[PDB]
Each structure stands twice: as C-alpha cells, then as structure tokens.
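What follows is a single chain, given as structure tokens, in the form deposited in one PDB entry.
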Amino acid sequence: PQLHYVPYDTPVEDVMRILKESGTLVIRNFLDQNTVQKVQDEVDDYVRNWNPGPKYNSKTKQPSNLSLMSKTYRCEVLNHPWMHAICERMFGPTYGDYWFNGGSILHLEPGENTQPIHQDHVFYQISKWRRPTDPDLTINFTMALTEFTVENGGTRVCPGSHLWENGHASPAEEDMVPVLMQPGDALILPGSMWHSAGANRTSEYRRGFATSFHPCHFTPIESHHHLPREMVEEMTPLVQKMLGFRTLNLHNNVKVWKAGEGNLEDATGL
C-alpha cells in the first residue's frame, strides 16, 4: 500500500477502495482557499478580542468548540458532502447513523517535537474486541490551513498499518510517510491508521483543523448542549443531528438518544 493523492472529483467507490486498501488518502482541494481563510478568521476573532497594534495607544478568550467559535464550520464545513458520503459508506451498513465525535484547530508551534505515533481509536475500549477487517470506530478529516511539509512537522502516516492486529507494535519512525499538503487539502484518517505529527523545525506555525465522526451508539468527545439555541436553529437538520441535537437511528432501526419514546428534536421544538 501507499499514500494516495486524489483530486476532488474522484469517484466515491474509488475513495472507499483506496481507504480499504491503504487505510488513508488525501483529497486535494477538499476546501477552497476562502473557506480556509474564513475558519481562521472566525477562530482568531473569538479567542482574541484584542490584537497588538503598531505602537502603544475580555482581552482574550479560552478556546471552545469549533462549531461555537466558527460559524462557517458549523454551517458550511460540517455540511461537507464528501465527509457525509464517506461516513455513510463506512458506518451505515454496520452501525447506521453517525455523528460528530470531536474537532479542533491544529497548531504546531515552532520547535515543537514529534508527536508519538498512535491510532485514533485507542481510547475506545471496544477496540480490543475489533478485528482489522471490521468497520472503523471513528474517522477524522484533517484539513490543512498552512501547507504541510516535512519541515514544519506535517502529518505522517504508515499505509497498511490499519490492517495490523490489536497487539501490533507501533510503526518505526523510518517507515512513516509524510503527508505533503497545500491549504484546502484534507487527509482522511480512519481510527485504525497509525499516524503522528512531525517535529516543526521551521520558524512558522503549522496550522490545520480537524473534523471527526463516529457511529451513533458511541459517546462523542464534545457535547454541544451549551451552545445558544439561536445558534442551534441556524444549523441544517443534518448538522443538528451531527452535534447531538436530534435522535439517531440504529441499523436495526432502534432509536438512540431519544426523547422518551419520541424524537429529541420534537420535544425541544427544533
């Protein structure tokens, strides 16, 4: 197996076949450039109400959920048709519905050392029961804000390591394949794929942001039930279901996250 770079118009069955054979791939031009700029603008404006001027003439905010800080994220990025097409083919037949697991802005500082090589599904206890041929427990879409180079610690993966067994040792550093991307490209990251961020040996930050989804029956990393309800009703029904505001359906048609025996969105006037 190898690391594949495919254009945006690659057929869905080709992307799924590459995901099954290599455990990862890169979809170039996943987002346009202005979308890349909008997400950084809204995040910067959130966590920093003040920016240093040229000379001396509430101040900052701790970062929160990406859907809270970025309106383009919760209203445009989370509606990405590629993510939903990949999530449906990955979780539909086995689990059925899926929803948002977690997401944040990647910020590799200058001089930051190499991240330990790991699989994303390590924090799932049921990963010990899972076989390499079973569907993934979660999938991550890592979008590039800056360019991803070997110098600035771009993401490295090991194609084929997703088919390793549960007791397999971590891949050697010599066999990690760096993911070279331009802003707008996305690296698709199933929870079975071993990966790690490299060391940033440059003088500039390596910036990115990630989305991630997992089956309906698994508890996500973040809860969004603290977001303002006026911010909830300006989302699409699909995004509302992603962020835990709607009832989900199992493959056996049993509904989880219900409002008693009814739908959660019906009981909340959504």
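For every residue, the number given is its place in the sequence shown, counted from 1. Only the largest set of C-alpha atoms that superpose within 1.5 Å between the two forms is called the rigid core.
This protein has a second form, the form deposited in another entry, left out of what is shown; the following refers to that one.
Of the residues 223, 33, 64, 236, just one CA atom moves 2 angstroms or more between this form and the one not shown under rigid-core superposition; it belongs to 64. Annotation: Cα of residue 45 displaced by at least 2 Å between this form and the one not shown, core superposition. If you compare C-alpha positions, residue 230 and residue 49 are 3 angstroms or more farther apart in the other form than in the form on display.
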